[PDB]
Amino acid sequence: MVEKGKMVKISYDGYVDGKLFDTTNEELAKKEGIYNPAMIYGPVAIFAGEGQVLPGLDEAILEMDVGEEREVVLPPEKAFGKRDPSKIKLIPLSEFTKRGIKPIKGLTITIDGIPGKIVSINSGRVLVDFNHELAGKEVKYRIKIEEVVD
């Protein structure tokens, strides 16, 4: 099939929790009500088997042909990862104050270059989940290799 390092152009949908969270189809982007005006639509180029896409997308692409389309189910391990409890940290309120941040339950904040979701605040102790937003989530893609190019 398509082997590691081959520059292919790919089309992909991709759903999480029923709703669609990512696509190269702009017509479907409007219809689902997710269309971001600052998004590069149509097929995009990648080097197959090189971490440029989710691991499970890389695998499917390696066992596909030029012009082929597949629907693929990605378990968390193959998508954005499993949720890791060690990425839930308890941070002193003062650390937020000095940075001009007012932490609020359910707020997503950037701390030291990194996004976190605020879980709770108790007694000057802020619990932050730094796991990826979609970690622990099954994603579903439809992927199509439009062309190969070497």
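We number the residues from 1 along the sequence you see.
*Asks:* Between 128-136 and 10-18, point out the one with the higher average CA B-factor as the PDB entry records it.
*Replies:* The stretch with the larger average C-alpha B-factor is 10-18.
*Asks:* Using only C-alpha atoms and the B-factors in the entry, which stretch averages higher, 32-40 or 88-96?
*Replies:* It is 32-40.
*Asks:* Would you check the entry's CA temperature factor for residue 59 and let me know if it's in the chain's lowest, middle or highest third?
*Replies:* Middle third by C-alpha B-factor.
*Asks:* Would you please rank residue 67 by its C-alpha temperature factor against the other modelled residues of its chain and give the third it falls in: lowest, middle or highest?
*Replies:* As the PDB entry reports it, the C-alpha B-factor of residue 67 lands in the highest third of its chain.
*Asks:* Quick one: classify residue 50 as lowest, middle or highest third of the chain based on its Cα B-factor.
*Replies:* Middle third, going by the recorded CA B-factors of the chain.
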